[PDB]
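Okay, here we've got a single chain as structure tokens, the form deposited in one PDB entry, with questions on binding and movement later.
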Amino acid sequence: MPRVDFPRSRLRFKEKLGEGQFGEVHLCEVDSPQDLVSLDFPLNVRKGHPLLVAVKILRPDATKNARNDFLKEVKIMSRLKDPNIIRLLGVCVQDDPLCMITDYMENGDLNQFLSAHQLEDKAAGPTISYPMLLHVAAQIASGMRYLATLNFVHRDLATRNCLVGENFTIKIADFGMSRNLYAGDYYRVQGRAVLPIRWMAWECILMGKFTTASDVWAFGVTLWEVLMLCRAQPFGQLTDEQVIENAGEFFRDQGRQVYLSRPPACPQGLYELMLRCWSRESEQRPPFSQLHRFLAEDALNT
């Protein structure tokens, strides 16, 4: 948790990024950021380039429940310091309105980004190479490796929750179901609670057991998305109820559970890596440290 508030007066509004029931998110430029690096604000300045940030701000009439949610979000983010996890650059909480300041990631979420690209075919819109797709996936695995060392379970890892900056940089975040774009990826259970069942390991669906090992299962599905260039939903031909049935077949283990198929042009050894992420026994799934090393090496030799 920061020792001091970010100085509100240094935030120069530029545009609205998004709007919600109890707050807004604004794109802002920071005046003279070099002054603030000396005070342990984690700002990365260049020379002739302005410093842009995203600022989430509570509305002055926000309910008590919304203020509670905001304060807990600040607490969680204050712990996480890694190049591939979204970063809390500062807060304004000594007075109202409450603010949190994060990285500005100009290329949007990774689903939006990959849906706008085509795979490069060097043997023959904007394109992306197979090595770069592996570099993207390696960055996701490195961020999850960090969360694993803190014993922090993400519970909703997917491309829609990864953000893209300059030079193909990736940072993991969590937007939940708060944007209306991805409602088809969530299954409603109890009341307002929803579950991203197509990314969830069998023990999450049947018993609600969420662990780092189930984050590895979700990473397998996320890797499948990346190699599909986000062109199709996992198990797209099957209903939500059929995906839940499949979790039951993993539990019964009588050889009738089904798997995501191998993406077009996906190397066989890489499909086998996904399959290991979907092992029935959580202790047989690979750890994030091993997934990172594997993908980083292939990114350089492919």
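We call the rigid core whatever largest set of C-alpha positions still superposes within 1.5 Å between the two forms. Start at 1 and count along the sequence shown; that's the residue number.
Note that the form deposited in another entry isn't included here; everything after this is about it.
With the core held fixed, the Cα of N151 is displaced between the shown form and the other one by less than 2 Å. After superposition on the rigid core, the Cα of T239 moves by less than 2 Å between the shown form and the other one. Comparing the forms between the shown form and the other one, the C-alpha position of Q268 differs by less than 2 angstroms, with the core used for superposition. Between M132 and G48, the C-alpha separation grows by 3 Å or more in the other entry, relative to the conformation displayed. Relative to this conformation, a decrease of 3 Å or more in the Cα-Cα distance between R192 and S214 is found in the other entry.
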